[PDB]
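Notes for the one structure printed next.
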Amino acid sequence: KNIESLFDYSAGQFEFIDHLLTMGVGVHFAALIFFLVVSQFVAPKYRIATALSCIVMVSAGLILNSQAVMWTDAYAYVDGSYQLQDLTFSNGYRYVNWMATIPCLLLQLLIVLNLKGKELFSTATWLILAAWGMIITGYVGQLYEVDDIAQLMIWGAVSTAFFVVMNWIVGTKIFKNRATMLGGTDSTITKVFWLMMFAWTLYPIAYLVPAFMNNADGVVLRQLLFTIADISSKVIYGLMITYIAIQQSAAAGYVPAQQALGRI
Ligand SMILES: *C\C=C(C)/C=C/C=C(C)/C=C/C1=C(C)CCCC1(C)C
Ligand SMILES: CCCCCCCC/C=C\CCCCCCCC(=O)O
Ligand SMILES: CCCCCCCC/C=C\CCCCCCCC(=O)O
Ligand SMILES: [Cl-]
Ligand SMILES: [Cl-]
């Protein structure tokens with residue numbers, strides 16, 4: 001149903017994509033080890049954010065590793081090209097973990113803005129419905145990327161409506177609670193908002209590729225625009241989120257954060 005099914009692939013295209021997804025995995029999982037080790041320097045009130053991206057990290061990673069294995073499963077070298085065999089490849093599984101990856105990554109931002117009690121609980125709820133809202137209509141959207149490009153654009157459309165509002169909630173929360181944040185991180189927090197704007201735009205480009213580049217190199221650039229997107233929203237976004245919690249932990253009198261900071 002997907003444009004990955006439509007083309008035969010050069011060995012350079014096939015090996016590049018396999019190498020892309022595998023470099024992927026090395027990185028969610030090596031970042032897995034570092035957010036484990038530093039979690040001990042984070043004060044009780046922030047420690048679930050670090051834990052949180054140890055879940056974003058093992059989630060993409062499994063989609064990611066599952067994608068590389070399905071990729072090699074699906075295609076074999078026949079008469080000079082990689083050709084589709086008995087099993088299919090698709091990106092529909094990256095969507096269901098988008099449903100997944102997101103609660104956490106908005107949850108982990110909210111933990112560091114010092115939301116608590118009823119504002120945390122109600123802000124998260126609206127944030128997971130809205131983002132899930134974006135996830136499921138473009139997942140619904142993407143399924144017609146061969147059969148109905150007009151369905152692409154219109155769910156594309158209905159997904160973009162959600163994104164913008166999601167971004168409006170987050171935006172509002174960040175700029176409203178800037179004042180509560182410690183240790184200089186009120187300037188830091190606004191780099192995160194921007195860093196997270198770039199990552200999440202790469203995904204509708206990444207998704208308009210069947211519309212504007214329905215060929216095998218488009219398939220490549222899709223997967224490419226994914227590794228950036230990914231390493232930035234899960235991985236790079238992640239490390240950003242973890243510096244803030246340690247810095248705030250230190251300004252709150254949490255001694256291990258203070259020794260950890262001073263050590264470097
Ligand atoms: C895993 C982390 C993140 C931040 C997931 C990001 C996905 C999006 C920002 C998807 C956006 C889409 C829209 C707005 C338009 C085409 C339909 C999509 C769901 C593919
Ligand atoms: C900011 C995170 C960066 C993510 C790293 C992605 C690395 C890809 C780097 C560019 C590779 C240039 C190689 C071009 C591939 C040749 C295309 C082909 O084989 O047909
Ligand atoms: C599967 C082939 C090999 C894949 C593994 C790649 C090797 C490791 C990659 C680099 C790790 C980058 C992640 C950042 C670690 C954060 C800790 C720190 O930066 O101080
Ligand atoms: Cl605490
Ligand atoms: Cl994912």
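We label chains A, B, ... in the order they appear in the structure tokens, count residues from 1 in each chain, and number ligands from 1 in the order shown.
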
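Close contacts of residue A:250, defined as residues with an atom at most 12 Å away when counting only C-alpha atoms, with chain neighbours fewer than 4 positions off set aside, comprise residues 41, 42, 43, 44, 45, 46, 182, 183, 184, 185, 243, 244, 245, 246, 254, 255, 256, 257, 258, 259, 260, 261 and 262 of chain A.
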
- Write out as a list in words each polymer residue whose atoms come within 10 Å of residue A:158, counting only C-alpha atoms; drop sequence neighbours fewer than 4 positions from it. residues 133, 134, 136, 137, 138, 141, 152, 153, 154, 162 and 163 of chain A

Quick one: write out the picked residues with C-alpha atoms as a CSV table (one decimal), in the first residue's frame?
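Below is the file that was written, part-v4.csv:
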```csv
chain,number,residue,atom,x,y,z
A,133,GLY,CA,-4.8,13.3,17.4
A,134,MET,CA,-2.0,14.3,15.1
A,136,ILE,CA,-3.6,8.8,14.1
A,137,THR,CA,-4.9,10.9,11.2
A,138,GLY,CA,-1.5,10.9,9.4
A,141,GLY,CA,-3.4,9.6,6.2
A,152,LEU,CA,-2.7,12.0,1.9
A,153,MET,CA,-3.1,15.8,1.7
A,154,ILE,CA,-6.5,15.9,3.6
A,162,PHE,CA,-3.4,18.9,15.7
A,163,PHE,CA,0.4,19.5,15.5
```

Hey, which residues sit close to ligand 2? Say within 8 Å, counting only C-alpha atoms and all ligand atoms, and write them as an mmCIF file with C-alpha atoms, in the first residue's frame.
```cif
data_model
loop_
_atom_site.group_PDB
_atom_site.id
_atom_site.type_symbol
_atom_site.label_atom_id
_atom_site.label_comp_id
_atom_site.auth_asym_id
_atom_site.auth_seq_id
_atom_site.Cartn_x
_atom_site.Cartn_y
_atom_site.Cartn_z
ATOM 1 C CA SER A 10 20.124 -0.461 -6.067
ATOM 2 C CA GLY A 12 23.659 1.427 -2.686
ATOM 3 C CA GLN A 13 20.117 2.452 -1.856
ATOM 4 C CA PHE A 14 19.456 -0.775 0.026
ATOM 5 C CA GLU A 15 22.696 -0.738 2.040
ATOM 6 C CA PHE A 16 22.376 2.937 2.862
ATOM 7 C CA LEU A 20 20.785 4.338 8.458
ATOM 8 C CA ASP A 217 15.440 7.906 -4.044
ATOM 9 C CA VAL A 220 15.787 6.943 0.743
ATOM 10 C CA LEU A 224 16.992 9.954 6.002
ATOM 11 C CA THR A 227 16.960 9.580 11.296
ATOM 12 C CA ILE A 228 17.470 13.388 11.824
ATOM 13 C CA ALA A 229 13.837 13.911 13.024
ATOM 14 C CA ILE A 231 17.859 11.565 16.751
ATOM 15 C CA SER A 232 16.617 15.082 17.314
#
```

- Note on the structure: If you count only C-alpha atoms and all ligand atoms, the residue of A:64, A:25, A:80, A:4 closest to ligand 5 turns out to be A:64

- Query: Counting only C-alpha atoms, which of A:187, A:131, A:180, A:239 gets nearest to residue A:161?
  - Reply: A:131

Nearby residues (only C-alpha atoms) at most 12 Å from residue A:122, same-chain spacing under 4 positions excluded, as a PDB file with N, CA and C atoms, in the first residue's frame:
```
ATOM      1  N   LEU A 107       5.540  14.567  28.497  1.00  0.00           N
ATOM      2  CA  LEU A 107       5.603  14.368  29.929  1.00  0.00           C
ATOM      3  C   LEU A 107       6.928  14.853  30.477  1.00  0.00           C
ATOM      4  N   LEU A 110       7.155  18.582  30.652  1.00  0.00           N
ATOM      5  CA  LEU A 110       6.273  19.091  31.724  1.00  0.00           C
ATOM      6  C   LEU A 110       6.854  18.893  33.106  1.00  0.00           C
ATOM      7  N   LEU A 115       5.530  21.725  36.595  1.00  0.00           N
ATOM      8  CA  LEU A 115       4.112  21.493  36.714  1.00  0.00           C
ATOM      9  C   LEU A 115       3.932  20.340  37.703  1.00  0.00           C
ATOM     10  N   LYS A 116       2.880  20.454  38.529  1.00  0.00           N
ATOM     11  CA  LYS A 116       2.555  19.458  39.525  1.00  0.00           C
ATOM     12  C   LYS A 116       1.045  19.344  39.689  1.00  0.00           C
ATOM     13  N   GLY A 117       0.633  18.334  40.449  1.00  0.00           N
ATOM     14  CA  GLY A 117      -0.773  18.183  40.807  1.00  0.00           C
ATOM     15  C   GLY A 117      -1.718  18.158  39.619  1.00  0.00           C
ATOM     16  N   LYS A 118      -2.750  18.999  39.711  1.00  0.00           N
ATOM     17  CA  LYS A 118      -3.843  19.051  38.746  1.00  0.00           C
ATOM     18  C   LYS A 118      -3.451  19.715  37.411  1.00  0.00           C
ATOM     19  N   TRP A 126      -4.645  16.798  27.884  1.00  0.00           N
ATOM     20  CA  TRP A 126      -4.928  17.471  26.644  1.00  0.00           C
ATOM     21  C   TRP A 126      -3.778  17.302  25.678  1.00  0.00           C
ATOM     22  N   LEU A 127      -2.541  17.140  26.194  1.00  0.00           N
ATOM     23  CA  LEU A 127      -1.424  17.019  25.277  1.00  0.00           C
ATOM     24  C   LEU A 127      -1.385  15.651  24.612  1.00  0.00           C
ATOM     25  N   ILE A 128      -1.761  14.571  25.305  1.00  0.00           N
ATOM     26  CA  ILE A 128      -1.758  13.249  24.700  1.00  0.00           C
ATOM     27  C   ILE A 128      -2.947  13.026  23.762  1.00  0.00           C
ATOM     28  N   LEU A 129      -4.123  13.566  24.064  1.00  0.00           N
ATOM     29  CA  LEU A 129      -5.225  13.475  23.107  1.00  0.00           C
ATOM     30  C   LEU A 129      -4.894  14.174  21.767  1.00  0.00           C
ATOM     31  N   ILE A 169      -0.322  24.518  22.865  1.00  0.00           N
ATOM     32  CA  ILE A 169      -0.310  24.194  24.289  1.00  0.00           C
ATOM     33  C   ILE A 169       1.098  24.307  24.846  1.00  0.00           C
ATOM     34  N   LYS A 173       2.543  26.682  27.819  1.00  0.00           N
ATOM     35  CA  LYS A 173       3.062  26.168  29.072  1.00  0.00           C
ATOM     36  C   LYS A 173       4.501  26.603  29.296  1.00  0.00           C
TER      37      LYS A 173
END
```

- Task: Compare A:87, A:199, A:120, A:58 by their minimum atom-to-atom distance to ligand 5, counting only C-alpha atoms and all ligand atoms, and give me the closest one.
- Result: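 Between A:87, A:199, A:120, A:58, the residue approaching ligand 5 most closely is A:58.
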
Distance limit 6 Å, reference ligand 1, atoms considered: only C-alpha atoms and all ligand atoms. Which residues make the cut? Give them as a PDB file with C-alpha atoms, in the first residue's frame.
```
ATOM      1  CA  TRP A  98       4.517   7.719  17.858  1.00  0.00           C
ATOM      2  CA  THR A 101       6.955   7.971  22.214  1.00  0.00           C
ATOM      3  CA  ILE A 102       5.045  11.270  22.633  1.00  0.00           C
ATOM      4  CA  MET A 134      -1.955  14.254  15.149  1.00  0.00           C
ATOM      5  CA  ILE A 135      -0.461  10.703  15.201  1.00  0.00           C
ATOM      6  CA  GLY A 138      -1.523  10.929   9.417  1.00  0.00           C
ATOM      7  CA  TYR A 139      -1.184   7.278  10.209  1.00  0.00           C
ATOM      8  CA  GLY A 156      -2.047  15.399   6.185  1.00  0.00           C
ATOM      9  CA  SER A 159      -2.935  15.932  11.182  1.00  0.00           C
ATOM     10  CA  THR A 160      -1.429  19.385  10.738  1.00  0.00           C
ATOM     11  CA  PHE A 163       0.385  19.530  15.517  1.00  0.00           C
ATOM     12  CA  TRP A 200       8.737  17.746  13.988  1.00  0.00           C
ATOM     13  CA  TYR A 203       7.965  14.479   9.398  1.00  0.00           C
ATOM     14  CA  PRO A 204       5.504  16.119   7.088  1.00  0.00           C
ATOM     15  CA  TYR A 207       5.430  12.199   4.671  1.00  0.00           C
ATOM     16  CA  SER A 233      13.134  14.484  18.885  1.00  0.00           C
TER      17      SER A 233
END
```

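The list of residues with at least one atom within 10 Å of residue A:34, based on only C-alpha atoms and without residues fewer than 4 positions apart in the same chain, reads residues 29, 30, 38, 39, 50, 54 and 239 of chain A.
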
- Step by step, measure atom-to-atom distances between ligand 3 and each residue using only C-alpha atoms and all ligand atoms, keep those at most 9 Å, then write them as a list in words. residues 19, 21, 22, 23, 24, 25, 26, 27, 28, 29, 30, 31, 32, 33, 34, 35, 235, 236 and 239 of chain A

- Task: Name the residues in contact with residue A:146 at a cut-off of 12 Å, using only C-alpha atoms, excluding same-chain residues fewer than 6 positions from it; report them as a PyMOL selection string.
- Result: chain A and resi 1-6+152+207-211+214-215

- Query: residue A:75: which residues within 8 Å, counting only C-alpha atoms, same-chain residues fewer than 6 positions away excluded, as a PyMOL selection string?
  - Reply: chain A and resi 82-85

- Query: Near residue A:56, within 8 Å and counting only C-alpha atoms, which residues show up once chain neighbours fewer than 2 positions away are dropped, as JSON, numbers by chain?
  - Reply: {"A": [52, 53, 54, 58, 59, 60, 101, 104, 105, 234]}

- Item | Pick from A:96, A:241, A:55, A:140 nearest to residue A:195, counting only C-alpha atoms | A:241

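For the set A:223, A:190, A:114, A:88, the residue with the smallest atom-to-atom gap to ligand 4 is A:114, counting only C-alpha atoms and all ligand atoms.
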
- Message: To test your reading of the structure, identify every residue in stretch 94-235 of chain A that backbone DSSP assigns to alpha helix (DSSP H), and report it as a ChimeraX atom specification.
- Response: /A:94-112,117-141,149-177,185-198,202-207,209-212,216-230

- Quick one: DSSP strand (DSSP E) residues in stretch 13-219 of chain A, as a list in words? residues 75, 76, 77, 78, 81, 82, 83 and 84 of chain A

Same residues, N, CA and C atoms, saved as a PDB file, in the first residue's frame:
```pdb
ATOM      1  N   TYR A  75      13.540  -7.970   1.180  1.00  0.00           N
ATOM      2  CA  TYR A  75      14.238  -7.654  -0.068  1.00  0.00           C
ATOM      3  C   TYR A  75      15.390  -8.622  -0.164  1.00  0.00           C
ATOM      4  N   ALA A  76      15.662  -9.008  -1.392  1.00  0.00           N
ATOM      5  CA  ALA A  76      16.765  -9.878  -1.739  1.00  0.00           C
ATOM      6  C   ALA A  76      17.330  -9.475  -3.091  1.00  0.00           C
ATOM      7  N   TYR A  77      18.577  -9.871  -3.329  1.00  0.00           N
ATOM      8  CA  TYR A  77      19.316  -9.444  -4.509  1.00  0.00           C
ATOM      9  C   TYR A  77      19.026 -10.420  -5.637  1.00  0.00           C
ATOM     10  N   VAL A  78      18.204 -10.000  -6.599  1.00  0.00           N
ATOM     11  CA  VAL A  78      17.838 -10.822  -7.748  1.00  0.00           C
ATOM     12  C   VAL A  78      18.147 -10.083  -9.021  1.00  0.00           C
ATOM     13  N   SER A  81      19.324  -6.290  -8.689  1.00  0.00           N
ATOM     14  CA  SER A  81      18.754  -5.290  -7.793  1.00  0.00           C
ATOM     15  C   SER A  81      18.167  -5.966  -6.557  1.00  0.00           C
ATOM     16  N   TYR A  82      17.991  -5.193  -5.500  1.00  0.00           N
ATOM     17  CA  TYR A  82      17.195  -5.649  -4.372  1.00  0.00           C
ATOM     18  C   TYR A  82      15.717  -5.573  -4.697  1.00  0.00           C
ATOM     19  N   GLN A  83      15.083  -6.719  -4.609  1.00  0.00           N
ATOM     20  CA  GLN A  83      13.705  -6.843  -5.015  1.00  0.00           C
ATOM     21  C   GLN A  83      12.893  -7.396  -3.864  1.00  0.00           C
ATOM     22  N   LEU A  84      11.638  -6.962  -3.801  1.00  0.00           N
ATOM     23  CA  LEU A  84      10.690  -7.386  -2.784  1.00  0.00           C
ATOM     24  C   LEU A  84      10.398  -8.878  -2.914  1.00  0.00           C
TER      25      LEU A  84
END
```
